[PDB]
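Residue numbers (PDB author numbering), protein chains in the order written: chain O4, 98 to 145; chain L4, 89 to 298, 305 to 385; chain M4, 146 to 193.
No residue lacks a Cβ here, since even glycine has one placed at the ideal position from N, Cα and C.
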Amino acid sequence: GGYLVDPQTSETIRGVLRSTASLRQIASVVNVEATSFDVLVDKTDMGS
Amino acid sequence: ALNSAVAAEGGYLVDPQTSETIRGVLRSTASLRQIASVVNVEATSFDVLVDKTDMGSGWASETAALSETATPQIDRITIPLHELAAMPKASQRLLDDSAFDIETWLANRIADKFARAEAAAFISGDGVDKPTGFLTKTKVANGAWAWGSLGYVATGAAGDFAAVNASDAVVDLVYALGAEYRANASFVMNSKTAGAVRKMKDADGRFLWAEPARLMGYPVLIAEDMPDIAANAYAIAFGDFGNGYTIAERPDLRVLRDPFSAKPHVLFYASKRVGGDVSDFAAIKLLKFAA
Amino acid sequence: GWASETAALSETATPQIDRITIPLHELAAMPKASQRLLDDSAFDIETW
């Protein structure tokens, strides 16, 4: 009778869990539809 | 997620589908139950009542004063109606973890085993706790035929059929069976006797006999429990078994599961009860190979 | 024990019981006080 026992197969197959802390939640994310993105910064300030 | 052959690269996800219903070797169901008189009976014993004789007629004259005439004397045949019991032992871990319906599979397999095991008792069974088959009924040669016995015709030579006139030991067996019984009559043989019958041929090599595998227009039950062609054996029978042999039974299969005696096992106790012997001694003739 | 799927399955054991008796003794005291120094003292020794 041991041939007809047929174990179950754990309906959702799992994996090893890896951390998802990814620096996207602290940095600034910009949607871009081009080949490249720029920023325009100010390396100096004005005068008085 | 790679090729399905090697185990670690996705071979453990391949889950071989089992069959729908557990199959088995399909053993013989040609059991003489389909040709005889099967009678439901809720009792200990069944009593057929046959007429072993008949009456007399007068052709009474105009002025004769008609006297008495005969009146048929009557025989009672007691079917013993024994039981047939099988008790397989099945484990509780199997019955809980064995997704096939194991209980109805055992109820089918026990039923097949019983329908096959009663076929041996219907043909060659003795008296002790089993039905007496028609081979064990004190065979007396035909012509000197009494009611308390079965008739036979003999073939000639001891081991086999007759030398000069082979295969008419069959035809006089047919035409020595009674003109009303041949309306629905049948041969009963086993397979290696029917093969030896089919191997018979004329003086030129062609088979002289020409899915149910009937012989001379009469159907043949290929049993598996008659004797083969031995020195004084009764390998071939012929007759109207629907009148000749009476099967008495209960048409159900009593199962009791037993979780108590064998403790981690389930131990199905199944027993149907079945009996029967010959009711009409004229309706079965035999072929003896003696002389 | 875990039952070997195939086994005789004999009886395991039974918790052996035990009666512990609390014999319920008595604790008594007999101060023998004189009849003089119970009715000639100013302090009620009989209640003290």
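Buried versus exposed call for residue i [16 or more other C-beta atoms within 10 Å across all chains shown]
i               : result
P104 (chain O4) : exposed
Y240 (chain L4) : buried
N337 (chain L4) : buried
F134 (chain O4) : exposed
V262 (chain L4) : buried
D184 (chain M4) : exposed
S107 (chain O4) : exposed
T281 (chain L4) : buried
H170 (chain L4) : buried
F335 (chain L4) : buried
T220 (chain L4) : buried
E268 (chain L4) : exposed
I110 (chain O4) : exposed
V259 (chain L4) : exposed
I167 (chain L4) : buried
8 Å Cβ cutoff, residue i in contact with chain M4
i               : result
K357 (chain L4) : yes
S119 (chain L4) : no
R204 (chain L4) : no
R351 (chain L4) : no
Any C-beta of chain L4 under 8 Å from that of residue i
i               : result
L154 (chain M4) : yes
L137 (chain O4) : no
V102 (chain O4) : yes
Residues that residue i contacts on chain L4, provided the C-beta gap is smaller than 8 Å
i               : result
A158 (chain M4) : Result: empty, since nearest Cβ-Cβ is about 16 Å, beyond 8 Å.
Sequence-distant residues of the same chain with beta carbon closer than 8 Å to residue i, five excluded per side
i                      : result
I162 (chain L4)        : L137, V138, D139 and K140
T157 (chain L4)        : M143, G144, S145 and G146
residue 299 (chain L4) : No atoms of residue 299 (chain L4) appear, because in chain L4 residue 298 is followed directly by 305.
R121 (chain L4)        : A203, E206, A207, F210 and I341
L154 (chain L4)        : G146 and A148
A124 (chain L4)        : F210, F335, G336, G338, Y339, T340, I341 and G370
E97 (chain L4)         : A89, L90 and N91
Proximity test, Cβ basis, 8 Å: residue i and chain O4
i               : result
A187 (chain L4) : yes
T109 (chain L4) : no
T106 (chain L4) : yes
Residue i: contacting residues in chain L4 (beta-carbon distance under 9 Å)
i               : result
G112 (chain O4) : Chain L4 residues near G112 (chain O4): none, gap ~12 Å exceeds 9 Å.
Cut-off 6 Å between Cβ atoms - residues of its own chain near residue i, not counting five sequence neighbours on either side
i               : result
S116 (chain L4) : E318
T224 (chain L4) : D214
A208 (chain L4) : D319
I330 (chain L4) : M277 and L381
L361 (chain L4) : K177 and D352
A131 (chain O4) : none
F295 (chain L4) : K289
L309 (chain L4) : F275
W235 (chain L4) : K140 and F375
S365 (chain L4) : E171, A173 and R348
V126 (chain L4) : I341
Beta-carbon neighbours of residue i, restricted to chain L4 and to distances below 7 Å
i               : result
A148 (chain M4) : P358
Beta-carbon proximity list for residue i, same chain, < 7 Å, skipping 5 on both sides
i               : result
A178 (chain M4) : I190
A327 (chain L4) : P321 and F383
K218 (chain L4) : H170 and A209
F188 (chain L4) : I110
Residue i: contacting residues in chain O4 (beta-carbon distance under 9 Å)
i               : result
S179 (chain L4) : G98
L90 (chain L4)  : By Cβ distance, chain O4 contributes nothing, its closest Cβ being about 15 Å from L90 (chain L4), past 9 Å.
Within chain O4, the residues that residue i reaches when beta carbons sit closer than 7 Å
i               : result
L182 (chain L4) : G98
Test: residue i CB closer than 8 Å to a CB of chain B
i               : result
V285 (chain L4) : The question asks about chain B, but that chain is absent: this structure's protein chains are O4, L4 and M4.
Legend entry - Uninterrupted alpha helix (DSSP H) stretches inside the stretch 212-275 of chain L4 (no shorter than 4 residues): 257-262
Inset, instruction - Could you pull out every unbroken beta strand (DSSP E) segment of at least 3 residues lying fully inside the stretch 166-214 of chain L4, listed in chain order? - result: 170-174
Legend entry - Whole beta strand (DSSP E) elements within the stretch 131-171 of chain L4, 3-residue minimum: 134-139 and 162-167
Inset, instruction - Could I get the ranges of all uninterrupted beta strand (DSSP E) runs contained in the stretch 328-369 of chain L4, with 3 residues as the minimum, in chain order? - result: 328-333, 340-343, 348-350 and 363-369
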